[PDB]
Amino acid sequence: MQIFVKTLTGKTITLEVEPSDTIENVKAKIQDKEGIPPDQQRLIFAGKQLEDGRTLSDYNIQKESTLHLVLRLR
Ligand SMILES: [Zn+2]
Ligand SMILES: [Zn+2]
Ligand SMILES: [Zn+2]
(Lines of atoms letter the chains of each structure in order from A and count residues from 1; the text may use other names and numbers.)
(Lines give C-alpha, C1' and ligand atoms only; values in the text may rest on other atoms or scores of the structure.)
(Ligands and ions follow the chains in the order given, each with its own letter.)
Protein backbone atom coordinates (compact mmCIF):
# COMPACT_ATOMS: atom_id res chain seq x y z
CA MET A 1 0.00 0.00 0.00
CA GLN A 2 0.89 3.69 -0.21
CA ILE A 3 0.80 6.59 2.25
CA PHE A 4 1.73 10.26 2.02
CA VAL A 5 4.03 12.21 4.29
CA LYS A 6 3.33 15.92 4.02
CA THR A 7 6.06 18.20 5.29
CA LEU A 8 5.73 21.56 7.02
CA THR A 9 7.90 22.61 4.11
CA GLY A 10 4.92 21.98 1.86
CA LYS A 11 6.30 19.25 -0.38
CA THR A 12 4.68 15.82 -0.24
CA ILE A 13 6.57 12.56 0.05
CA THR A 14 5.01 9.23 -0.95
CA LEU A 15 6.03 5.96 0.70
CA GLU A 16 5.49 2.30 -0.12
CA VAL A 17 4.56 0.65 3.18
CA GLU A 18 2.87 -2.37 4.74
CA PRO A 19 -0.10 -2.34 7.17
CA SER A 20 2.10 -3.97 9.82
CA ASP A 21 5.01 -1.56 9.41
CA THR A 22 6.13 -0.01 12.69
CA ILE A 23 6.50 3.77 12.98
CA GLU A 24 10.21 3.04 13.38
CA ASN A 25 10.10 1.48 9.91
CA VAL A 26 8.36 4.59 8.57
CA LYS A 27 11.07 6.80 10.07
CA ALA A 28 13.64 4.50 8.45
CA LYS A 29 11.99 4.84 5.04
CA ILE A 30 12.04 8.63 5.41
CA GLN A 31 15.76 8.56 6.22
CA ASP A 32 16.39 6.38 3.16
CA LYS A 33 14.51 9.09 1.26
CA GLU A 34 15.21 12.49 2.78
CA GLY A 35 18.35 11.82 4.81
CA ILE A 36 16.71 12.87 8.08
CA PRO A 37 17.64 10.54 10.97
CA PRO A 38 14.82 8.59 12.76
CA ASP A 39 15.48 10.06 16.24
CA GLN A 40 14.96 13.55 14.80
CA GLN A 41 11.54 12.78 13.35
CA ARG A 42 8.11 13.08 14.92
CA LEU A 43 5.12 11.71 13.03
CA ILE A 44 1.55 12.98 13.29
CA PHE A 45 -1.63 11.29 12.08
CA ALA A 46 -5.07 12.82 12.59
CA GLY A 47 -3.65 15.07 15.31
CA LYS A 48 -1.90 12.35 17.29
CA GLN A 49 1.84 11.69 17.43
CA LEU A 50 2.91 8.10 16.68
CA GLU A 51 5.11 5.81 18.78
CA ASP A 52 8.19 4.05 17.35
CA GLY A 53 6.97 0.67 18.60
CA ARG A 54 3.34 0.44 17.48
CA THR A 55 2.32 -0.24 13.87
CA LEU A 56 0.34 1.56 11.16
CA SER A 57 -2.59 -0.84 11.60
CA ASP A 58 -2.80 -0.04 15.32
CA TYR A 59 -3.29 3.62 14.38
CA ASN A 60 -5.71 2.43 11.68
CA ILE A 61 -3.62 4.01 8.92
CA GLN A 62 -4.76 2.59 5.57
CA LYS A 63 -3.71 3.44 2.01
CA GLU A 64 -3.39 7.05 0.86
CA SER A 65 -3.50 8.28 4.46
CA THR A 66 -1.50 11.44 5.18
CA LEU A 67 1.05 11.69 8.00
CA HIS A 68 2.70 14.88 9.23
CA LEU A 69 6.43 14.95 9.87
CA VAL A 70 7.75 17.48 12.38
CA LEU A 71 11.45 17.81 13.14
CA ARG A 72 12.90 17.69 16.64
CA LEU A 73 16.43 19.02 16.52
CA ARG A 74 17.17 19.42 20.23
ZN1 LIG B 1 7.91 -2.58 5.57
ZN1 LIG C 1 17.30 1.12 3.70
ZN1 LIG D 1 -3.37 16.37 7.85
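From the backbone N, Cα and C atoms, a Cβ is placed for every residue, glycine too.
Annotation note: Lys6 (ubiquitin cross-link) sits in a strand segment as assigned by DSSP. Swiss-Prot lists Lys6 (among others) with the feature ubiquitin cross-link.
Around the Cβ of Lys11 (ubiquitin cross-link), 9 further Cβ atoms fall within 10 Å across all displayed protein chains. Feature annotation from Swiss-Prot assigns ubiquitin cross-link to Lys11 (among others); the stated evidence is experimental evidence.
The ubiquitin cross-link annotation in Swiss-Prot covers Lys27 (among others). With a cut-off of 8 Å between CB atoms and residues at least 6 apart in sequence, the same chain places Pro38, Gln41, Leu43, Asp52 near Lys27 (ubiquitin cross-link), listed in sequence order.
The ubiquitin cross-link annotation in Swiss-Prot covers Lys29 (among others). If you take the C-beta of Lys29 (ubiquitin cross-link) and look for same-chain residues 6 or more apart in sequence within under 8 angstroms, you find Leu15, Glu16, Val17.
Non-local contacts of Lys33 (ubiquitin cross-link) by the CB criterion (under 8 A, 6+ apart in sequence, same chain) comprise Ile13, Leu15. The ubiquitin cross-link annotation in Swiss-Prot covers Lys33 (among others).
Within the same chain, residues at least six positions away from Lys48 (ubiquitin cross-link) with a Cβ under 8 Å of its Cβ are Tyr59. The secondary structure of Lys48 (ubiquitin cross-link), as reduced to three states from DSSP, is extended strand. If you look up Swiss-Prot, you'll see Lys48 (among others) marked as ubiquitin cross-link, on the strength of experimental evidence.
According to Swiss-Prot, the feature site 'Interacts with activating enzyme' maps to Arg54 (among others). For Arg54 (site 'Interacts with activating enzyme'), the same-chain residues lying six or more positions away in sequence with a CB closer than 8 A to its CB are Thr22, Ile23.
Contacts of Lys63 (ubiquitin cross-link) defined by a Cβ separation under 8 A and a same-chain sequence distance of 6+ are given as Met1, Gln2, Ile3, in order along the sequence. For the recorded site, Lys63 (ubiquitin cross-link), the DSSP three-state label reads coil. Taken from Swiss-Prot, the feature ubiquitin cross-link applies to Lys63 (among others), supported by experimental evidence.
Sequence annotations record features per position, and here Swiss-Prot assigns phosphoserine to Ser65. Around the Cβ of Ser65 (phosphoserine), 17 further Cβ atoms fall within 10 Å across all displayed protein chains.
Within 10 Å of the Cβ of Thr66 ((Microbial infection) ADP-ribosylthreonine) there are 13 other Cβ atoms, across all protein chains. Marked as (Microbial infection) ADP-ribosylthreonine by Swiss-Prot on the basis of experimental evidence: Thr66.
Under a cutoff of 8 A between CB atoms, and with a sequence separation of 6+ in the same chain, the neighbours of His68 (site 'Essential for function') are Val5, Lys6, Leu8, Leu43, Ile44, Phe45. The site 'Essential for function' annotation in Swiss-Prot covers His68.
Of all Cβ atoms in the shown protein chains, 8 besides its own fall within 10 Å of the Cβ of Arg72 (site 'Interacts with activating enzyme'). Summarising the annotation, Swiss-Prot assigns site 'Interacts with activating enzyme' to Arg72 (among others).
Secondary structure from DSSP puts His68 (site 'Essential for function') in a beta strand. With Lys11 (ubiquitin cross-link) as the anchor, the candidate recorded positions are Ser65, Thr66, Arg72, and the one with the nearest CA is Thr66. Proximity of the recorded positions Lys27, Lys33, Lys48, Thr66 to ligand 3, judged by a Cβ distance under 6 angstroms to any of its atoms, singles out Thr66 in sequence order. Cα of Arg72 (site 'Interacts with activating enzyme') to Cα of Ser65 (phosphoserine): a span of 22 Å.
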